[PDB]
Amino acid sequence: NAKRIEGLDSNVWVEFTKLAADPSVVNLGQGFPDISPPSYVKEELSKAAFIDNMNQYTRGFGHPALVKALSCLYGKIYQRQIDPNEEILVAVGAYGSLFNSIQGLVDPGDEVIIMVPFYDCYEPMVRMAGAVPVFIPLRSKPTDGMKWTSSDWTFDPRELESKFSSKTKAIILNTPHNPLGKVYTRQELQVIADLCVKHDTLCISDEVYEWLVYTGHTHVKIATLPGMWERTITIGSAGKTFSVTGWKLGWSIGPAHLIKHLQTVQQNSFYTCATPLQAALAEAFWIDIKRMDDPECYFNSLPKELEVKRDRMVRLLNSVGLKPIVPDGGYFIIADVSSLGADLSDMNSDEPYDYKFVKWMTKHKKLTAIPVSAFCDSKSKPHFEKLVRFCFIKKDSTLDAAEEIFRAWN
């Protein structure tokens, strides 16, 4: 195997799917919606499938109708003109976008800052570019009194400074955050922008859950903050925008001198994406660009729908003294499990507690989730290993089944 990939062959995120394969279990694990996508997203596929051209190659950098749509959606959010051809790159997921960003922008020996826990591909994505990932964790503050929330987690600004050096090339920001659910604040974003400008680094901002933010919170885009347009790549996703995780396209959006470089990675990698998916996506974005101010719009209705289910899931969790972190955004909830009956002394690896715990819960209670340590670097895992992550972008009947389970815990 070539050197750029030594020790990056880690899938336990296969195991977590072995686990869940047994069909009398309730899968609250991987981030797999089981609600219907919006009809008209399905309709538009079918319609693109019957148009010959749409089954043939389109533009490398993104189907013109898709980037036209994007440029006008994000145009509105940025409060500024976004240039469909030079400032957008369409890629294979947000996943490929992160890859474009890092591969196009990051060199052997460079430092990339990663806030722990992270979406798990950041790390390995950095090591493959031959760069040094540099970790700093989220830490929790005292509560309000009532609930534990996503907002109760933050970073220490001074600790953050201390991470930047002449070697820092970039920092990777994920907001809404996976797995926390944290929606960053304008104060929290301005500490990070301060340092990127102060230090002339980039920022890769992974905002695929931009629409999924709940009440009391707001998505702010660090790329809109003074000095950051020039230095930010902001990445979005079809899959999370429209609950069609299987469509795998996403977008990078930022300046031409940066999206230049992303563009060359894509050109020399896979070249182009699928045409019908993009054609149909572009229609969906249109269907939904035009009603932004209505609640019929998917950008509004979805998060309204998911908030109810978030709340139903905290309660469920609470009802066994799993200790939930009410998230501000996205569609995962994390729960401390330690106050339950530590039950695992007779499982005899040295996997972290949460792997062992999630295994136990899978065996005994018939529910799976994701151990938070999966989202952590190795020196980081012990500070996170009583934490376990559940996903709620599910249909009632699934939350029903899980309701069934939690009721009969003891």
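Numbers for residues come from their place in the sequence shown, where the first is 1.
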Revision key, fill the gap. Once average C-alpha B-factors are taken from the entry for 139-147 and 203-211, the winner is 139-147
**Study point:** Entry-level comparison of average CA B-factors, 334-342 and 251-259, reporting the higher stretch
**Key:** 334-342
Check your understanding: Which one, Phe384, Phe61, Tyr353, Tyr57, has the peak C-alpha temperature factor per the PDB entry?
Key -> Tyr353
**Study point:** Deposited CA B-factor, highest of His177, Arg312, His217, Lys240
**Key:** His217
Study note, to complete from the structure: Of the three thirds of Cα B-factor ranks in this chain, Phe375 occupies the lowest
**Study point:** Among modelled residues of the same chain, the CA temperature factor third for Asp293
**Key:** highest
Point to revise | Lowest, middle or highest third - CA B-factor, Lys198 | key: highest
Check your understanding: Lowest, middle or highest third of the chain for the C-alpha temperature factor of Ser97?
Key -> lowest
Check your understanding: In terms of the CA temperature factor given in the entry, to which third of its chain does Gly321 belong: lowest, middle or highest?
Key -> highest
